[PDB]
Amino acid sequence: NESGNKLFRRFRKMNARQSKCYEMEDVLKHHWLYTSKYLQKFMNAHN
Amino acid sequence: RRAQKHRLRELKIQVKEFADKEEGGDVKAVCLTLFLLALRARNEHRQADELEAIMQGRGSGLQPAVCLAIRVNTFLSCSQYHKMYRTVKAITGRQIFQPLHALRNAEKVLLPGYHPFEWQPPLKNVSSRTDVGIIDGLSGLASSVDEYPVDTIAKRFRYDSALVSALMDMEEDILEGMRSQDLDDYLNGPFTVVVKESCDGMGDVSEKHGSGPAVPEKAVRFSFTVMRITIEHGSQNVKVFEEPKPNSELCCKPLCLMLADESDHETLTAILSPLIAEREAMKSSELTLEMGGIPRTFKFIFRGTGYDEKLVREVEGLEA
Amino acid sequence: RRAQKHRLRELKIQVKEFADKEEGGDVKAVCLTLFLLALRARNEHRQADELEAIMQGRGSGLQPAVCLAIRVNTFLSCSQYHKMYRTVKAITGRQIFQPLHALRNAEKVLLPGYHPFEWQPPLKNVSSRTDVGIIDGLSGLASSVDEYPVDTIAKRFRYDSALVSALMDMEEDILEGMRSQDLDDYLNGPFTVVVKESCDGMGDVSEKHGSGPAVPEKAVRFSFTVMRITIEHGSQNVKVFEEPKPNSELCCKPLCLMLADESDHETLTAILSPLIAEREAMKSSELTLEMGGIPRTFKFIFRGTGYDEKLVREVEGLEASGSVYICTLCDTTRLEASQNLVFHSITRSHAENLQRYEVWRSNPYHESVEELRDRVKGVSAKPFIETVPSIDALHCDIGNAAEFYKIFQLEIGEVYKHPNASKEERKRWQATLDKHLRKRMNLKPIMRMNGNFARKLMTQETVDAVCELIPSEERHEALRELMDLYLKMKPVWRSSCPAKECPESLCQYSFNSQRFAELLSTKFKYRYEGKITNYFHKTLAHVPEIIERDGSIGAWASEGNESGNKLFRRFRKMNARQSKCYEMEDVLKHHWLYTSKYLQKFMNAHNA
DNA sequence: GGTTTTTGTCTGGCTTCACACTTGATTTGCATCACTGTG
DNA sequence: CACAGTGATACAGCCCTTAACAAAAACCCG
DNA sequence: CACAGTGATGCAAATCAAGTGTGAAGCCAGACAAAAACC
DNA sequence: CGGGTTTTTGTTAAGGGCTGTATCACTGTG
Ligand SMILES: [Ca+2]
Ligand SMILES: [Ca+2]
Ligand SMILES: [Zn+2]
């Protein structure tokens, strides 16, 4: 959860829309995408 | 193009009229086969393999799932990815990277609220809809001038939908884990899933300018992690999937993000109570999901270990 | 492959006879055009283009230059790029990207210390070697326990090497400028290069663990950018180049970086002495450098504007910012600036400061402290950096906005009728002003004011929202007219070309300045009787003269150095080794690569 | 059993790719090094 | 007038189908 | 015993460039000839 | 030199589908 806090802090400025209304949804969406094994396993194409 | 159409105005007519006879009218595939046989008669085998791969999206193309995986795990923003895609296309001529709208379309497969799920027994006070996504974390809290003032922003997922998406993201992982233990593949025994619940607040998060209430400069995050998945085989219990690195940032799946203060108790309870209600409802029910061509049922057990001492005391009793 | 011939046997015979009687005999081509017809009718242009590439020359493989340009301008790190390369290669087969070592070998061409060069008069007190890159910024300062202790780490380029690297980076822009100016291409005249030097200290940087000195948590950056290049033809000089975004993060090139306190004068001088030495050595020399098969020579004219007020005060031998003498351009007291407020003239210079320090140290008239300071006009230190008298637009705007904010606080309470007030009343005024600002213009209360706050507070809606809290109407109209005057005066010293896009505003600047001064001195005697801000003094007395002397204010501002400061933390956290004895070198190199313009034309090649 | 599809072969002759050796000459891969950052 | 992002959404642009007609370039031979 | 970076450096390992004469494979011809899933 | 023939290339409009770009209130180093 601390590592997730770091990810939250850097996603808040890196890859989320800057607006009080519709930023939190973008952060939640991108973090859910980043925590997806289906996307992560394509980064292990050595077998 | 127009000259080629002018010259070949009729050969198209015969090939399309014969496609309706031999196959049914799929001109593209029959012409692809004709080109493959022409290359074979001209004796080009590695080129034929290249065409087969590009038709199957192996030699090139980079199907949008891979592009999205690169864009997310490489810490690339949408604008930077667009610049990369545009410059790579402009230089190489081909389309190696996929466009942003293609990535967005491929995104919805992983986000909550896409797969059909059925609860048996139905959850208490939880809707049975299977198209719920990013819903407001305030849970329809009153915001009028006559009642308690609310100054928080919160977005959250439904617990059941989030767990459905989490289970389907590791669909191939669960199949591989069931295979590696010398069990079956289409086995539909009740899975006993243990989920660790973690919640910790933060500080020193800057408030933006812009429309919204006087939202304080603190944030509180609620997330869950999936440790172990077990299926009941024979008389004992066999394990399938164990998280290799439980304390990593690649398994702390977010559930509810609110930009409020953990010192405050009223707002914390107001935003977090519906999630506790959903958890309590899910604690005494079973979930059915079409898992890889065979329906399988899940049962869930929850453990809230990921709290620090101050939050534990401020939540479950004792004075701070 | 075999069991599918019984369905094409009947048709391929007419395929060949048609190709023979119409096209000539080709079968592969006539089938290729047919399949392209089918694909582009089906709207599968991606696969159509893929087939065209396969049949034609393969486009697989990027150039090392474009690979580096992508990896740098998409803010990518080495590890992320390596794993992206690995996954792309392993999935698509053919190697599209290029190895990190290929990128490393392809990046030395732009880093300084690779191109041959020489000076027609050999530069004094600097070597003639041409293979010097990242050298220690301490310049061999005595680190022994017996000497003055050192607690700084500094990595730097030689200034001449940086200049030649930047010039060969901008070679093709310079050639394009020659072509577009309707001149020749092989001309080798004495190019005149105008550069900006900017220095600003940073704070809140976190020192790392590990072995090393007792390095402070304050950092100072030195950077330069190229603004104008001119070559002579006949009796005039043509403008072969002009920076499009002079204040962007893409034009400032890092030159010397250190982790030292801004006001720590001893180590500041110890680190910055070599660069000033090279500056003075090369200010009167000529650089011969090979440009695309034709040798060409370069002159250099240096303008220092990117220093904030505190830096100018410290490095020009001047006193603190709260002294009686306020302006770093003219010798006038704060009080006398308050009674006159209009007419002034720039008279301060580096040589004049040096001779004033010499007078101060020698005391050739046998006078006391007060008399000698009145003789020297506030000079009490020896300057060691030469800068031109200029105004920093960003900090001028910030200071003016802060002063207007204080004006609003004192006006929402009518202090002109209540000369005495307590701390609690002023705190209540602060609270109500912040609340209404949020309610109306959607601005949060902040303790250190930014430039965005300045730009938003400098609007008409601001005085509207502030004034509806003021019970009187005379204050309403006074604030309205004063704000309108300020907004009319602003676009002159904030535009990159004030002589073209704001002619009426530039011409009426003097009238607006006089109106502003008289309005202050009449209606605001409760704030500007015997005291006025040096930034108001500058904006009301010195701006038009600086416009006439230079050509523009704001292109020479510190915005580019602020953006470089923003990039410095990001690079220190993402694109640099996390060790105390390499981080500054890695940051300097990566910042140079990012600001290099050879990697920048590859990212907008889509417009060609 | 009929009917259609799916594969099997036939030998002479054509093109197309891999290899047999050897000696360097690059180019690619992966571990080391002491560190950050969210607490 | 600091300037490069930040991502979702909506609109414009461009390219295929039908089929007949129209502007235009390249040889042939009286 | 948190775990994913952070980039320069360095050495082990993979690929290759040079030479020509082979083998091995795929395919062309048009025609004849057995398995196999629905009636 | 110019009809005559052959071919290239574009045009007209109602729809479908992929790709590209402008717009929205905001950030951040100060
Ligand atoms: Ca915490
Ligand atoms: Ca500063
Ligand atoms: Zn002055």
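Here the Cβ is made from the backbone with ideal geometry for all residues, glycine too, and neighbour counts use every protein chain on show. Taken together, the values in this text are just the output of simple stated rules run on the coordinates, not laboratory data.
Condition check: under 32 Å from the mean Cα position of the chain (by Cα), of a type in the set (S, T, N, Q), closer than 30 Å to A:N44 by Cα and in a loop (DSSP other than H, G, I, E, B). Does B:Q80 satisfy that?
On the way: under 32 Å from the mean Cα position of the chain (by Cα): yes; of a type in the set (S, T, N, Q): yes; closer than 30 Å to A:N44 by Cα: yes; in a loop (DSSP other than H, G, I, E, B): no.
Here the answer is no, as B:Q80 does not meet what is asked.
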Matching residues, the range B:152-172, being at the interface with another protein chain (Cβ under 8 Å from one of its Cβ atoms) and either in a loop (DSSP other than H, G, I, E, B) or touching a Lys or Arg at 6+ places or on another chain (Cβ under 6 Å) (or both): B:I153, B:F157, B:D169, B:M170
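Which members of the range B:186-215 meet the condition of being out of contact with any strand residue (DSSP E or B) (no Cβ under 6 Å at 6 or more places or on another chain), within 16 Å of ligand 1 (Cβ to nearest atom) and not small (G, A, S)?
Step one: of the range B:186-215, the residues out of contact with any strand residue (DSSP E or B) (no Cβ under 6 Å at 6 or more places or on another chain) are B:187, B:200, B:202-215.
From the residues that got through so far, the ones that are within 16 Å of ligand 1 (Cβ to nearest atom) too are B:200, B:202-205.
Of everything in the range B:186-215, those that are out of contact with any strand residue (DSSP E or B) (no Cβ under 6 Å at 6 or more places or on another chain), within 16 Å of ligand 1 (Cβ to nearest atom) and not small (G, A, S) turn out to be B:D200, B:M202, B:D204, B:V205.
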Residue match in the range B:190-205 (condition: of a type in the set (A, V, I, L, M, F, W, C), more than 14 Å from chain A (Cβ to nearest Cβ) and more than 29 Å from A:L28 (Cβ to Cβ)): no
Close pairs (6 angstrom Cβ cut-off, 6 or more residues apart or separate chains): more than 13 Å from B:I91 (Cβ to Cβ) in the range C:66-81, among the polar types (S, T, N, Q) anywhere: C:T74/B:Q80; C:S77/C:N575; C:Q80/B:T74
Residues that are more than 16 Å from ligand 2 (Cβ to nearest atom) and either exposed (fewer than 14 other Cβ atoms within 10 Å of the Cβ) or under 33 Å from the mean Cα position of the chain (by Cα) (or both), drawn from the range C:522-539: C:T522, C:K525, C:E529, C:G530, C:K531, C:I532, C:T533, C:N534, C:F536, C:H537, C:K538, C:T539
Which numbered condition C:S552 misses (of (1) under 23 Å from the mean Cα position of the chain (by Cα); (2) away from every other protein chain (no Cβ under 14 Å); (3) not hydrophobic (A, V, I, L, M, F, W, C); (4) not in a loop (DSSP other than H, G, I, E, B)): (4)
Complete set of residues in the range B:146-163 that are of a type in the set (A, V, I, L, M) and surrounded by fewer than 22 Cβ atoms within 10 Å (Cβ to Cβ): B:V150
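Tell me which residues, restricted to the range C:536-549, are closer than 26 Å to C:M227 by Cα and either free of Cβ contacts under 8 Å to residues at least 12 places away in the same chain or not in a loop (DSSP other than H, G, I, E, B) (or both). Before the answer, list the steps.
Keep residues of the range C:536-549 that are closer than 26 Å to C:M227 by Cα, which gives C:538-539, C:542-549.
Scanning the range C:536-549 gives C:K538, C:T539, C:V543, C:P544, C:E545, C:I546, C:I547, C:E548, C:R549.
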Failed criterion for C:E367 (all others in (1) in contact (Cβ under 8 Å) with a residue 60 or more places away in the chain; (2) part of a loop (DSSP other than H, G, I, E, B); (3) more than 30 Å from C:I446 (Cβ to Cβ) hold): (1)
Test: residue in the range B:45-59 that is over 30 Å from C:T87 (Cβ atoms) and either more than 8 Å from chain C (Cβ to nearest Cβ) or in contact with a helix residue (DSSP H, G or I) (Cβ under 7 Å, 6 or more places away or on another chain) (or both): no
Only listed residue being part of a helix (DSSP H, G or I), out of contact with any strand residue (DSSP E or B) (no Cβ under 8 Å at 6 or more places or on another chain) and over 30 Å from C:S79 (Cα atoms), chosen from B:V30, B:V88: B:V30
Residue that is farthest from the other protein chains (Cβ to nearest Cβ), among those in the range B:237-253 that are of a type in the set (K, R) and part of a strand (DSSP E or B): B:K239
Some residue of the range C:67-90 being among the aliphatic types (A, V, I, L, M), facing another protein chain (nearest Cβ under 8 Å), away from DNA strand D (no atom under 16 Å from the Cβ) and closer than 23 Å to B:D20 by Cα: no
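Sort out which residues of the range B:33-51 are part of a helix (DSSP H, G or I) and loosely packed, with under 12 Cβ neighbours inside 10 Å, and write them in order of number. First the steps, then the outcome.
Let us first name the residues in the range B:33-51 that are part of a helix (DSSP H, G or I), namely B:33-42, B:45-51.
Across the range B:33-51, the qualifying residues are B:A41, B:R42, B:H45, B:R46.
Can you confirm whether C:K488 is surrounded by fewer than 16 Cβ atoms within 10 Å (Cβ to Cβ) and away from DNA strand D (no atom under 16 Å from the Cβ)?
Working: surrounded by fewer than 16 Cβ atoms within 10 Å (Cβ to Cβ): no; away from DNA strand D (no atom under 16 Å from the Cβ): yes.
For C:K488, the condition - surrounded by fewer than 16 Cβ atoms within 10 Å (Cβ to Cβ) and away from DNA strand D (no atom under 16 Å from the Cβ) - is not met.
Going by the conditions given, is C:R570 more than 16 Å from DNA strand F (Cβ to nearest atom) and outside any loop (DSSP other than H, G, I, E, B)?
Values: more than 16 Å from DNA strand F (Cβ to nearest atom): no; outside any loop (DSSP other than H, G, I, E, B): yes.
Here the answer is no, as C:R570 does not meet what is asked.
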Candidates B:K239, B:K245 - the one that is surrounded by fewer than 16 Cβ atoms within 10 Å (Cβ to Cβ) and free of Cβ contacts under 8 Å to residues at least 40 places away in the same chain: B:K245
